[PDB]
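So this one's final28.pdb, PDB, C-alpha atoms:
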```pdb
ATOM      1  CA  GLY A   1      35.381 -16.464 -16.717
ATOM      2  CA  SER A   2      33.684 -13.107 -16.306
ATOM      3  CA  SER A   3      33.659 -10.873 -19.361
ATOM      4  CA  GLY A   4      31.291  -8.230 -20.678
ATOM      5  CA  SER A   5      30.041  -7.256 -24.116
ATOM      6  CA  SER A   6      29.781  -3.799 -25.633
ATOM      7  CA  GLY A   7      29.196  -0.678 -23.573
ATOM      8  CA  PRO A   8      25.967   0.111 -21.710
ATOM      9  CA  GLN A   9      23.732   2.281 -23.859
ATOM     10  CA  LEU A  10      20.795   3.050 -21.596
ATOM     11  CA  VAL A  11      19.771   5.609 -19.004
ATOM     12  CA  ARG A  12      21.911   5.023 -15.937
ATOM     13  CA  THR A  13      21.736   8.073 -13.703
ATOM     14  CA  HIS A  14      21.916   7.604  -9.952
ATOM     15  CA  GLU A  15      20.738   4.112  -9.089
ATOM     16  CA  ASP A  16      21.579   1.565  -6.418
ATOM     17  CA  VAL A  17      19.854  -1.583  -7.619
ATOM     18  CA  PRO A  18      21.497  -3.480 -10.486
ATOM     19  CA  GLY A  19      20.779  -3.058 -14.178
ATOM     20  CA  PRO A  20      19.573  -5.345 -16.978
ATOM     21  CA  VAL A  21      20.861  -8.901 -16.841
ATOM     22  CA  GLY A  22      23.239 -10.156 -19.505
ATOM     23  CA  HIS A  23      20.765 -11.060 -22.224
ATOM     24  CA  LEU A  24      17.471 -12.920 -22.340
ATOM     25  CA  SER A  25      17.724 -16.410 -23.785
ATOM     26  CA  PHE A  26      14.984 -18.854 -24.706
ATOM     27  CA  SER A  27      15.462 -22.515 -25.536
ATOM     28  CA  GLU A  28      13.639 -25.831 -25.491
ATOM     29  CA  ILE A  29      10.541 -23.847 -26.384
ATOM     30  CA  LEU A  30       7.268 -25.687 -26.857
ATOM     31  CA  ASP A  31       3.611 -24.763 -27.163
ATOM     32  CA  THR A  32       3.099 -23.956 -23.500
ATOM     33  CA  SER A  33       6.552 -24.425 -22.021
ATOM     34  CA  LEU A  34       9.896 -22.776 -22.671
ATOM     35  CA  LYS A  35      13.192 -22.332 -20.865
ATOM     36  CA  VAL A  36      14.498 -18.885 -20.006
ATOM     37  CA  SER A  37      18.171 -18.082 -19.573
ATOM     38  CA  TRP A  38      20.210 -14.954 -18.949
ATOM     39  CA  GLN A  39      23.531 -13.755 -17.587
ATOM     40  CA  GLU A  40      24.968 -11.571 -14.850
ATOM     41  CA  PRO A  41      24.538  -7.806 -15.254
ATOM     42  CA  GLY A  42      27.564  -5.538 -15.406
ATOM     43  CA  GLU A  43      25.817  -3.236 -12.962
ATOM     44  CA  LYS A  44      25.795  -5.754 -10.136
ATOM     45  CA  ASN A  45      26.025  -2.645  -7.991
ATOM     46  CA  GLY A  46      26.706  -4.897  -5.026
ATOM     47  CA  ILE A  47      26.351  -8.600  -4.329
ATOM     48  CA  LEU A  48      23.377  -9.930  -6.255
ATOM     49  CA  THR A  49      20.978 -11.618  -3.863
ATOM     50  CA  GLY A  50      18.879 -13.230  -6.569
ATOM     51  CA  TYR A  51      16.921 -12.662  -9.758
ATOM     52  CA  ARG A  52      13.262 -11.839 -10.270
ATOM     53  CA  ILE A  53      11.720 -13.439 -13.333
ATOM     54  CA  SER A  54       8.260 -12.752 -14.705
ATOM     55  CA  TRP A  55       6.707 -14.300 -17.791
ATOM     56  CA  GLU A  56       3.556 -12.994 -19.431
ATOM     57  CA  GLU A  57       1.775 -12.922 -22.771
ATOM     58  CA  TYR A  58       2.504 -10.202 -25.301
ATOM     59  CA  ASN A  59       0.075  -7.672 -23.878
ATOM     60  CA  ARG A  60      -1.653  -9.640 -21.146
ATOM     61  CA  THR A  61      -0.323  -8.948 -17.671
ATOM     62  CA  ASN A  62      -3.278 -10.870 -16.291
ATOM     63  CA  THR A  63      -1.174 -13.834 -17.349
ATOM     64  CA  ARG A  64       1.907 -12.630 -15.509
ATOM     65  CA  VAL A  65       3.726 -14.528 -12.786
ATOM     66  CA  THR A  66       6.244 -13.591 -10.119
ATOM     67  CA  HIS A  67       9.051 -16.033  -9.423
ATOM     68  CA  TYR A  68      12.265 -15.673  -7.457
ATOM     69  CA  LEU A  69      15.676 -17.237  -7.955
ATOM     70  CA  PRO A  70      19.050 -17.111  -6.188
ATOM     71  CA  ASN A  71      22.140 -15.286  -7.388
ATOM     72  CA  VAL A  72      23.394 -18.638  -8.620
ATOM     73  CA  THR A  73      20.655 -19.366 -11.129
ATOM     74  CA  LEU A  74      20.249 -17.436 -14.358
ATOM     75  CA  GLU A  75      17.837 -19.767 -16.111
ATOM     76  CA  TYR A  76      14.349 -21.083 -15.454
ATOM     77  CA  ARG A  77      11.755 -23.189 -17.232
ATOM     78  CA  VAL A  78       8.439 -21.494 -17.902
ATOM     79  CA  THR A  79       5.123 -23.308 -18.102
ATOM     80  CA  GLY A  80       1.459 -22.463 -18.540
ATOM     81  CA  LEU A  81       1.827 -20.509 -21.760
ATOM     82  CA  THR A  82      -0.042 -20.820 -25.036
ATOM     83  CA  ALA A  83       0.800 -22.521 -28.312
ATOM     84  CA  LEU A  84       1.660 -20.207 -31.180
ATOM     85  CA  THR A  85       1.312 -17.206 -28.901
ATOM     86  CA  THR A  86       3.434 -14.135 -28.277
ATOM     87  CA  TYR A  87       4.881 -13.864 -24.790
ATOM     88  CA  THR A  88       7.266 -11.622 -22.889
ATOM     89  CA  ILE A  89       9.696 -12.875 -20.272
ATOM     90  CA  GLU A  90      11.127 -10.283 -17.914
ATOM     91  CA  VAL A  91      14.260 -11.175 -15.985
ATOM     92  CA  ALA A  92      15.328  -8.808 -13.232
ATOM     93  CA  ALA A  93      18.139  -8.928 -10.699
ATOM     94  CA  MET A  94      17.837  -8.601  -6.940
ATOM     95  CA  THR A  95      20.477  -7.224  -4.604
ATOM     96  CA  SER A  96      20.859  -6.485  -0.911
ATOM     97  CA  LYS A  97      18.965  -3.293  -1.653
ATOM     98  CA  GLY A  98      16.239  -4.573  -3.947
ATOM     99  CA  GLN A  99      15.477  -5.275  -7.586
ATOM    100  CA  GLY A 100      16.914  -3.282 -10.464
ATOM    101  CA  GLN A 101      16.263  -3.032 -14.184
ATOM    102  CA  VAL A 102      14.499  -5.893 -15.924
ATOM    103  CA  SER A 103      15.177  -7.575 -19.247
ATOM    104  CA  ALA A 104      11.926  -8.258 -21.061
ATOM    105  CA  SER A 105      12.206 -10.077 -24.369
ATOM    106  CA  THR A 106       9.314 -10.981 -26.638
ATOM    107  CA  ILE A 107       9.031 -14.654 -27.505
ATOM    108  CA  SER A 108       6.289 -16.535 -29.313
ATOM    109  CA  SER A 109       5.644 -20.079 -28.153
ATOM    110  CA  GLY A 110       7.162 -22.676 -30.449
ATOM    111  CA  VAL A 111       4.483 -25.096 -31.588
ATOM    112  CA  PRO A 112       2.299 -27.831 -30.081
ATOM    113  CA  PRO A 113       3.500 -31.337 -30.967
ATOM    114  CA  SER A 114       0.064 -32.712 -30.180
ATOM    115  CA  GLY A 115       1.145 -36.309 -29.715
ATOM    116  CA  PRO A 116       4.332 -38.063 -30.849
ATOM    117  CA  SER A 117       5.149 -37.475 -34.498
ATOM    118  CA  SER A 118       1.514 -36.707 -35.222
ATOM    119  CA  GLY A 119      -0.808 -39.530 -34.241
TER     120      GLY A 119
END
```

Same coordinates, now as structure tokens:
Amino acid sequence: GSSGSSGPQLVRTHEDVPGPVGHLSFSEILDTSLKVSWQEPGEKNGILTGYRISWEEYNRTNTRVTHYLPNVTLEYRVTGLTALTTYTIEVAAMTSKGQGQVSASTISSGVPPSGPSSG
């Protein structure tokens, strides 16, 4: 249904936009392609209008992208990364006011298969 998980332990103060999405999730990772998943934030603070995702190397914004998703999607496949490389995927939420906090989780590309089996 719609449950939470533990209490929010982060600066809240006065804020309209939403907070950090559920939790970053990475699957079907490869050498230059990985899937990103998350959940709905408990600080919806309104009716989510969408989610702003942004993937980028460990410390290389130059390799950052800006994508947009609806308030129905919470996962997206990333592509154009690097094999055996550290990356950071930031997933933010967008409301009728704007974008709020962002969940950035460090993830290092899986590994390049370089052909089937080995070849």

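Closest approach to residue A:42 from the set A:101, A:62, A:88, A:13 is made by A:101, with distances taken over only C-alpha atoms.
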
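For the residues A:45, A:33, A:99, A:73, ranking by smallest atom-to-atom distance to residue A:85 using all atoms listed in the file places A:33 first.
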
task = Apply the PyMOL selection byres ((chain A and resi 52) around 7) to the structure shown and report the selected residues as an NGL selection string.
result = :A and (50-51 or 53-54 or 67-69 or 91-94)

Hey, can I get the axis-aligned box for stretch 68-85 of chain A? All listed atoms, 8 Å padding on each side, centre and edge lengths in Å to one decimal, as lines of an AutoDock Vina configuration file.
```
center_x = 11.7
center_y = -19.3
center_z = -18.7
size_x = 39.4
size_y = 24.0
size_z = 41.0
```

ask   = How far is it from atom CA of residue A:10 to atom CA of residue A:44, in Å with one decimal?
value = 15.3 Å

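Closest approach to residue A:102 from the set A:19, A:8, A:1, A:70 is made by A:19, with distances taken over only C-alpha atoms.
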
task = Convert the output of the PyMOL selection byres ((chain A and resi 40) around 8) on the shown file into explicit residues, formatted as a ChimeraX atom specification.
result = /A:21-22,38-39,41-42,44,74

ask   = For residue A:66, which residue among A:15, A:31, A:90, A:43 is the nearest when counting all atoms listed in the file?
value = A:90

Nearest to residue A:98 by atom-to-atom distance, counting all atoms listed in the file, from A:20, A:48, A:6, A:12 = A:48

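Using all atoms listed in the file, the nearest neighbour of residue A:72 within the list A:87, A:26, A:58, A:47 is A:47.
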
request  = May I have the protein, DNA and RNA residues with any atom at most 6 Å from the point (16.2, -14.1, -20.4), counting all atoms listed in the file, written as an NGL selection string?
outcome  = :A and (23-25 or 36-38 or 91)

inquiry  = Can you measure atom CA of residue A:75 to atom CA of residue A:103 for me? One decimal in Å is fine.
reply    = 12.9 Å

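Put simply, atom CA of residue A:18 is 9.2 Å away from atom CA of residue A:97.
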
task = List every protein, DNA or RNA residue with an atom no more than 7 Å from (7.7, -21.0, -23.5) in the file's coordinates, counting all atoms listed in the file, and format the result as a PyMOL selection string.
result = chain A and resi 29-35+78-79+81+109
